[PDB]
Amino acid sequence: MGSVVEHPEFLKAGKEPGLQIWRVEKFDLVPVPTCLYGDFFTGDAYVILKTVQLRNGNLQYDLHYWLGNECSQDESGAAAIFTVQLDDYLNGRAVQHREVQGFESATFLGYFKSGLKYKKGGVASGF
């Protein structure tokens, strides 16, 4: 009895307006170095939280799980589940979005002011 995620990254998520990016790495959710935001490995899957300040004092959340063309099944599966878990952690308030390489929504692409970039490769499968 509860089922509260205790992962350090959930504690950091959505605390202030901005963009947060994590990469799935062997069944774990790992923060991406902020100097590398916008460069996505096509062999990997990522989870992106965009937090926007509302007039109201509370924060708006859009969670996007991005799936590289060569990411393995454990990485896309995990990115989708971590998305659900993070949304639940955030009291259901996030709006979830599936982002496929080459087919991302304009909103997601708009988060990267200098233009998102794809690079080949990535972390090996956790299977």
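Numbering starts at 1 and runs along the sequence shown.
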Comparing 108 to 116 with 20 to 28, which stretch shows the greater average C-alpha B-factor in the deposited entry?
108 to 116
Residue range whose averaged C-alpha B-factor is higher in the record, 83 to 91 or 58 to 66
58 to 66
Maximum C-alpha temperature factor per the entry, among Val100, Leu49, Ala78, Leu36, belongs to which one?
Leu36
Sorting the chain's modelled residues by C-alpha B-factor and splitting them into thirds places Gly126 in the lowest
